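Following: one structure in structure tokens, then a few remarks.
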Amino acid sequence: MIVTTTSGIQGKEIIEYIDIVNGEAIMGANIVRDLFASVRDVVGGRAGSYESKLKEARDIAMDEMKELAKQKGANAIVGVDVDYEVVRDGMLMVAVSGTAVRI
Amino acid sequence: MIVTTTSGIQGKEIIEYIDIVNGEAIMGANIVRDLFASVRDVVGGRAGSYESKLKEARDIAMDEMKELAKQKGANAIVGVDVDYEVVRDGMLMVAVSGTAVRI
Amino acid sequence: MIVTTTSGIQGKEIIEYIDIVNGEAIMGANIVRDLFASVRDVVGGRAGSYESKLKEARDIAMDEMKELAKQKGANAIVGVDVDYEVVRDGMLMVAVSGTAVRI
Amino acid sequence: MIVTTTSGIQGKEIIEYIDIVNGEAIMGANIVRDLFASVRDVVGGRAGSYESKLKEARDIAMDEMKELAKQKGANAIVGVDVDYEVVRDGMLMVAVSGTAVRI
Amino acid sequence: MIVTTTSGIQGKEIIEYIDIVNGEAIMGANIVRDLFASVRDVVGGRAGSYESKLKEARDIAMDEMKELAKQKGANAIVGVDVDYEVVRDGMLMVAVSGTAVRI
């Protein structure tokens, strides 16, 4: 199913704006305590060890929103937003939102 | 009513831009520290304990915004944003914004 | 005057993109303490005493931006964004931004 | 040159998408303290003594972004975002972003 | 490849929305703490010492995202977002996102 951070799907028309949908996943204090504290210079995502866990939580959040959108009978999510929140300095949450849509 | 994170609604053009509407809900420190401090690795909202409360908060904020838009005579909200704010060590505030519109 | 979180005003043409405009309002550590950090479970905006103040602050920010756009001879604000920031230990800023425009 | 938080410029087609450009400015710990610490209830931008240094930090970030755009051959910036980040304990950073464009 | 905040590339047709892509880089506590420390009043980037490693970080995040879009078969990135998160005790992450697209 098509997911996009744009407001539309070029060439396709939206017949239905079904609902705003969301997904999240949380990374515990211990995981974020060490994979991020290991960083000493400017370390990118390929090189660093923090990315696969971050990407894992982001994909969990993505698929939750996808599953929710699909189970509402949508065939696209537009206007997708990706947000990161560090709750009590340890709990890094990744939240996704967007509009479940019929095209 | 129709709510969308997108700048417009396709096929139904906007007759009047009424106002910027908002809604919020706050999760208390005890509850945030309680349920969000869970997870020892990476856990989604789909299979968690914190989501239920986060989704409760998000839905309240959403309901508030739609109600306010109703009151203002709106029959759609476009350009919707869902953001999150760690207001203290504890609290998370979910804030929703968007433009109350009549189509 | 027309303020929208959308990129345009349907049916009307933007003649000039005059400037990016801003408004802020800051909430004191005591006010955030007493009203915001009191919340124990989940409290929405209609039920929380925090709201009248958050709305007051947000309305101050919005009015400050509108007037500043008025100063510049604009008759529209487009691409409006609402932001919240913990600016000092215990303090809360609402910052609004947008594009002052002539339709 | 033209700067806008909207996703485009009306009536003026984009010839080239040159680069995403960025600007920042930072206020010292001292500065945040002396102008924010004093705030008690709700204090807006027009009235607040904090507003001139903040607007100065923002205007510096903007100028630096505009200057980089100009150096890249651009004559407009579109999709401008304004960010506030408490970077060290005491200090506030204002970061701006957008796409440097040719119209 | 073309990277843009906009949802479309003017005079170019998006023939596939491939995937939402992401890039990150993290600045460790050292070069955050003892490199933003020199800030006094209000200091801009191209006059401060800090627009070196901060920019370097952004470029790594962007380069990561672009490289991932390339591996997915994309030849442009649209709806791009630049985010900043303080991740721990004085640690700055720049996270970028966008939709990997075929034009």
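Ordering of the structure tokens sets the chain letters (A, B, ...); residue numbers start at 1 within each chain; ligands are numbered from 1 in the order shown.
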Next item on the list: Could you give me, as a list in words, the residues within 8 Å of segment 71-83 of chain C, counting only C-alpha atoms and dropping anything in the same chain fewer than 3 positions from it?
Entry: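 My reading of the contact set: residues 97 of chain B; 1, 2, 3, 4, 5, 6, 7, 8, 9, 18, 66, 67, 68, 94, 95, 96, 97, 98, 99, 100, 101, 102 and 103 of chain C; 4, 5, 6 and 7 of chain D.
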Same residues, C-alpha atoms, saved as a JSON list (two decimals), in the first residue's frame:
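Output below, filename again.json:
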[["chain", "number", "residue", "atom", "x", "y", "z"],
["B", 97, "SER", "CA", -4.02, 21.83, 15.08],
["C", 1, "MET", "CA", -8.11, 38.42, 8.53],
["C", 2, "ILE", "CA", -7.63, 34.99, 6.88],
["C", 3, "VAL", "CA", -5.11, 32.76, 8.66],
["C", 4, "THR", "CA", -4.66, 29.21, 7.38],
["C", 5, "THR", "CA", -2.36, 26.23, 8.00],
["C", 6, "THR", "CA", -2.83, 25.61, 4.22],
["C", 7, "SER", "CA", -0.49, 26.74, 1.42],
["C", 8, "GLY", "CA", -3.15, 28.79, -0.35],
["C", 9, "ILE", "CA", -6.55, 30.47, -0.30],
["C", 18, "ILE", "CA", 5.52, 39.76, 1.87],
["C", 66, "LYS", "CA", -1.77, 38.83, 12.66],
["C", 67, "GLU", "CA", -1.01, 42.43, 13.73],
["C", 68, "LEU", "CA", 2.60, 42.15, 12.51],
["C", 94, "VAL", "CA", 3.82, 28.67, 22.23],
["C", 95, "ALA", "CA", 5.36, 29.97, 19.00],
["C", 96, "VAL", "CA", 3.31, 30.54, 15.87],
["C", 97, "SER", "CA", 4.65, 31.22, 12.36],
["C", 98, "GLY", "CA", 3.26, 31.78, 8.86],
["C", 99, "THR", "CA", 3.60, 33.71, 5.62],
["C", 100, "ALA", "CA", 2.16, 37.23, 5.45],
["C", 101, "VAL", "CA", 0.60, 37.51, 2.04],
["C", 102, "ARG", "CA", -1.55, 39.76, -0.18],
["C", 103, "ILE", "CA", -4.49, 38.02, -1.88],
["D", 4, "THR", "CA", 7.79, 31.21, 2.30],
["D", 5, "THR", "CA", 6.43, 28.54, 4.68],
["D", 6, "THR", "CA", 4.01, 27.50, 1.92],
["D", 7, "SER", "CA", 5.02, 24.57, -0.29]]
Segment 7-61 of chain E: which residues are strand (DSSP E or B) by DSSP, as a PDB file with C-alpha atoms, in the first residue's frame?
ATOM      1  CA  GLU E  16       6.014   5.655  -8.577  1.00  0.00           C
ATOM      2  CA  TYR E  17       5.909   6.439  -4.858  1.00  0.00           C
ATOM      3  CA  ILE E  18       8.555   3.974  -3.746  1.00  0.00           C
ATOM      4  CA  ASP E  19       8.981   4.425   0.026  1.00  0.00           C
ATOM      5  CA  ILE E  20       9.339   6.910   2.844  1.00  0.00           C
ATOM      6  CA  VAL E  21      13.079   7.242   3.475  1.00  0.00           C
ATOM      7  CA  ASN E  22      15.094   8.418   6.470  1.00  0.00           C
ATOM      8  CA  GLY E  23      18.615   9.604   7.400  1.00  0.00           C
ATOM      9  CA  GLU E  24      20.205  10.352  10.812  1.00  0.00           C
ATOM     10  CA  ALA E  25      23.438  11.633  12.322  1.00  0.00           C
ATOM     11  CA  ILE E  26      24.184  12.177  16.027  1.00  0.00           C
ATOM     12  CA  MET E  27      26.545  14.713  17.592  1.00  0.00           C
ATOM     13  CA  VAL E  42      23.151  35.840  20.102  1.00  0.00           C
ATOM     14  CA  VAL E  43      25.498  34.093  17.676  1.00  0.00           C
ATOM     15  CA  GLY E  44      24.747  33.121  14.069  1.00  0.00           C
TER      16      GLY E  44
END
Next item on the list: Using DSSP on the backbone coordinates, identify all residues within chain D classified as helix (DSSP H, G or I); present the result as a list in words.
Entry: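 Those residues are residues 29, 30, 31, 32, 33, 34, 35, 36, 51, 52, 53, 54, 55, 56, 57, 58, 59, 60, 61, 62, 63, 64, 65, 66, 67, 68, 69, 70 and 71 of chain D.
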Filtering to N, CA and C atoms, could you give me those residues as a PDB file, in the first residue's frame?
ATOM      1  N   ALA D  29      23.300  30.604  27.543  1.00  0.00           N
ATOM      2  CA  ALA D  29      22.582  30.249  28.770  1.00  0.00           C
ATOM      3  C   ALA D  29      22.175  31.496  29.554  1.00  0.00           C
ATOM      4  N   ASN D  30      23.123  32.428  29.674  1.00  0.00           N
ATOM      5  CA  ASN D  30      22.921  33.738  30.290  1.00  0.00           C
ATOM      6  C   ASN D  30      21.677  34.440  29.744  1.00  0.00           C
ATOM      7  N   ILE D  31      21.584  34.504  28.412  1.00  0.00           N
ATOM      8  CA  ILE D  31      20.505  35.188  27.680  1.00  0.00           C
ATOM      9  C   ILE D  31      19.119  34.600  27.950  1.00  0.00           C
ATOM     10  N   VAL D  32      18.999  33.280  27.823  1.00  0.00           N
ATOM     11  CA  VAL D  32      17.744  32.584  28.121  1.00  0.00           C
ATOM     12  C   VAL D  32      17.277  32.923  29.547  1.00  0.00           C
ATOM     13  N   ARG D  33      18.168  32.716  30.511  1.00  0.00           N
ATOM     14  CA  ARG D  33      17.912  33.013  31.920  1.00  0.00           C
ATOM     15  C   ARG D  33      17.370  34.434  32.136  1.00  0.00           C
ATOM     16  N   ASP D  34      18.116  35.438  31.674  1.00  0.00           N
ATOM     17  CA  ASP D  34      17.808  36.846  31.961  1.00  0.00           C
ATOM     18  C   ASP D  34      16.480  37.364  31.391  1.00  0.00           C
ATOM     19  N   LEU D  35      15.958  36.696  30.365  1.00  0.00           N
ATOM     20  CA  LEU D  35      14.748  37.156  29.684  1.00  0.00           C
ATOM     21  C   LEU D  35      13.555  36.207  29.829  1.00  0.00           C
ATOM     22  N   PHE D  36      13.832  34.924  30.049  1.00  0.00           N
ATOM     23  CA  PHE D  36      12.761  33.953  30.278  1.00  0.00           C
ATOM     24  C   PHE D  36      12.500  33.711  31.768  1.00  0.00           C
ATOM     25  N   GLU D  51      11.420  39.113  23.620  1.00  0.00           N
ATOM     26  CA  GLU D  51      11.048  39.011  22.219  1.00  0.00           C
ATOM     27  C   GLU D  51      12.072  39.560  21.230  1.00  0.00           C
ATOM     28  N   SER D  52      12.832  40.574  21.645  1.00  0.00           N
ATOM     29  CA  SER D  52      13.748  41.257  20.738  1.00  0.00           C
ATOM     30  C   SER D  52      15.013  40.438  20.479  1.00  0.00           C
ATOM     31  N   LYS D  53      15.506  39.755  21.508  1.00  0.00           N
ATOM     32  CA  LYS D  53      16.661  38.872  21.358  1.00  0.00           C
ATOM     33  C   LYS D  53      16.296  37.605  20.576  1.00  0.00           C
ATOM     34  N   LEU D  54      15.109  37.059  20.843  1.00  0.00           N
ATOM     35  CA  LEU D  54      14.600  35.891  20.126  1.00  0.00           C
ATOM     36  C   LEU D  54      14.387  36.191  18.646  1.00  0.00           C
ATOM     37  N   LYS D  55      13.734  37.313  18.352  1.00  0.00           N
ATOM     38  CA  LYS D  55      13.505  37.749  16.988  1.00  0.00           C
ATOM     39  C   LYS D  55      14.822  38.029  16.268  1.00  0.00           C
ATOM     40  N   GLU D  56      15.804  38.531  17.011  1.00  0.00           N
ATOM     41  CA  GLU D  56      17.152  38.745  16.503  1.00  0.00           C
ATOM     42  C   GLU D  56      17.868  37.429  16.172  1.00  0.00           C
ATOM     43  N   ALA D  57      17.763  36.438  17.055  1.00  0.00           N
ATOM     44  CA  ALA D  57      18.265  35.088  16.789  1.00  0.00           C
ATOM     45  C   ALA D  57      17.617  34.449  15.550  1.00  0.00           C
ATOM     46  N   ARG D  58      16.300  34.604  15.421  1.00  0.00           N
ATOM     47  CA  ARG D  58      15.550  34.092  14.277  1.00  0.00           C
ATOM     48  C   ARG D  58      15.910  34.793  12.969  1.00  0.00           C
ATOM     49  N   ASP D  59      16.058  36.113  13.032  1.00  0.00           N
ATOM     50  CA  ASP D  59      16.396  36.914  11.868  1.00  0.00           C
ATOM     51  C   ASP D  59      17.803  36.626  11.369  1.00  0.00           C
ATOM     52  N   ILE D  60      18.708  36.312  12.296  1.00  0.00           N
ATOM     53  CA  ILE D  60      20.065  35.887  11.965  1.00  0.00           C
ATOM     54  C   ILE D  60      20.077  34.519  11.247  1.00  0.00           C
ATOM     55  N   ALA D  61      19.306  33.557  11.756  1.00  0.00           N
ATOM     56  CA  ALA D  61      19.141  32.255  11.108  1.00  0.00           C
ATOM     57  C   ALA D  61      18.578  32.377   9.692  1.00  0.00           C
ATOM     58  N   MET D  62      17.531  33.190   9.540  1.00  0.00           N
ATOM     59  CA  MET D  62      16.936  33.487   8.239  1.00  0.00           C
ATOM     60  C   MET D  62      17.923  34.100   7.247  1.00  0.00           C
ATOM     61  N   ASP D  63      18.666  35.119   7.696  1.00  0.00           N
ATOM     62  CA  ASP D  63      19.658  35.837   6.865  1.00  0.00           C
ATOM     63  C   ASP D  63      20.760  34.934   6.341  1.00  0.00           C
ATOM     64  N   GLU D  64      21.151  33.987   7.178  1.00  0.00           N
ATOM     65  CA  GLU D  64      22.194  33.038   6.873  1.00  0.00           C
ATOM     66  C   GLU D  64      21.676  31.984   5.894  1.00  0.00           C
ATOM     67  N   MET D  65      20.402  31.630   6.034  1.00  0.00           N
ATOM     68  CA  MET D  65      19.765  30.741   5.085  1.00  0.00           C
ATOM     69  C   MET D  65      19.582  31.405   3.717  1.00  0.00           C
ATOM     70  N   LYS D  66      19.088  32.646   3.704  1.00  0.00           N
ATOM     71  CA  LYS D  66      18.920  33.437   2.488  1.00  0.00           C
ATOM     72  C   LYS D  66      20.245  33.641   1.761  1.00  0.00           C
ATOM     73  N   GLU D  67      21.296  33.938   2.530  1.00  0.00           N
ATOM     74  CA  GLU D  67      22.659  34.125   2.006  1.00  0.00           C
ATOM     75  C   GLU D  67      23.248  32.865   1.374  1.00  0.00           C
ATOM     76  N   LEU D  68      22.973  31.706   1.968  1.00  0.00           N
ATOM     77  CA  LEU D  68      23.399  30.445   1.377  1.00  0.00           C
ATOM     78  C   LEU D  68      22.635  30.156   0.082  1.00  0.00           C
ATOM     79  N   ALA D  69      21.323  30.389   0.091  1.00  0.00           N
ATOM     80  CA  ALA D  69      20.485  30.223  -1.095  1.00  0.00           C
ATOM     81  C   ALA D  69      21.028  31.044  -2.264  1.00  0.00           C
ATOM     82  N   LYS D  70      21.252  32.331  -2.011  1.00  0.00           N
ATOM     83  CA  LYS D  70      21.821  33.278  -2.971  1.00  0.00           C
ATOM     84  C   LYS D  70      23.154  32.786  -3.552  1.00  0.00           C
ATOM     85  N   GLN D  71      24.015  32.238  -2.695  1.00  0.00           N
ATOM     86  CA  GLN D  71      25.294  31.691  -3.127  1.00  0.00           C
ATOM     87  C   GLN D  71      25.153  30.466  -4.034  1.00  0.00           C
TER      88      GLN D  71
END
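Chains of identical sequence, chain A and chain B give a C-alpha root-mean-square deviation of 0.5 Å after superposition over all matched alpha carbons.
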